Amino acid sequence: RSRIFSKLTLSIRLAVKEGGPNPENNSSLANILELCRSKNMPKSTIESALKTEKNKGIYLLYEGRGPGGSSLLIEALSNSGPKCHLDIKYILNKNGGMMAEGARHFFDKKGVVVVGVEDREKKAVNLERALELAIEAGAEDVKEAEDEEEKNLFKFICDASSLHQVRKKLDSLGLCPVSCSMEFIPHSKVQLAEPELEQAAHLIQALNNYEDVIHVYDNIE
């Protein structure tokens, strides 16, 4: 799909800015390229994204408010910050939201280590034990989650800086880290009703449809 390919181009460009255009030296870029190939993105399109100048485009993070007092984080890569800012504000405003003024940083980038509910010794890890190990590893928060199977899991949240150390300590303490990742976490969440939920989805969809948007984050529970 052409919209998918446009987003995947933005992701290639952002990965080249962070680690260079050689996927042998940039594992994040290598993962994106694999996904591109899995979606049947033509080589010509991949190469054009790969060979775009590292200095082209501005990476942008805009905060806004949606329907029911929700909070939004709009992640974008644009050739014109002013057009992108005006356009995102227009999309927010036309769908009942608003652009947050100033330096409201309602979302924080955080590290996230996912780990299974079983020790190296294949013994159960209950929440109380996950919490004690989180203290010892320097994790800021622990969430109980489920994957698509489904099956139980633990999400250990930390300072984005410390992602490296925490995964390592969790492994040294006997836990089984499945995956590492960066996520944008809001300070608090809101609950929306049905009329507000459908509106929020409409606004989010409109923002995802904008050409420069990579991702939209929200605090809707």
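Residue indices: 1-based, along the sequence shown.
> Of the two stretches 43 to 51 and 177 to 185, which shows the higher Cα B-factor on average in the entry?
Mean CA B-factor is higher for 177 to 185.
> Given the B-factors recorded for C-alpha atoms, which segment has the greater mean, 72 to 80 or 125 to 133?
It is 125 to 133 that shows the higher mean C-alpha B-factor.
> For the listed residues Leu86, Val142, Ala145, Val112, which one has the largest C-alpha B-factor as given in the deposited model?
Comparing C-alpha B-factors across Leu86, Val142, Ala145, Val112, the maximum falls on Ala145.
> Taking the Cα B-factors listed in the entry, which of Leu29, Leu192, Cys36, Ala160 comes out highest?
Going by the entry's C-alpha B-factors, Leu192 comes out highest.
> Lowest, middle or highest third of the chain for the C-alpha temperature factor of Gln205?
Within its chain, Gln205 is a middle-third residue by C-alpha B-factor, going by the deposited values.
> Based on the entry's values, in what third of the chain does the Cα temperature factor of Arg1 lie: lowest, middle or highest?
Its C-alpha B-factor, which the entry lists for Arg1, ranks in the highest third among residues of this chain.
> With respect to C-alpha B-factor, does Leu197 fall in the lowest, middle or highest third of the chain as deposited?
Answer is highest: the recorded C-alpha B-factor places it there.
> Considering every modelled residue of the chain and its Cα B-factor in the PDB entry, is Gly57 in the lowest, middle or highest third?
According to the entry, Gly57 has a C-alpha B-factor in the chain's lowest third.
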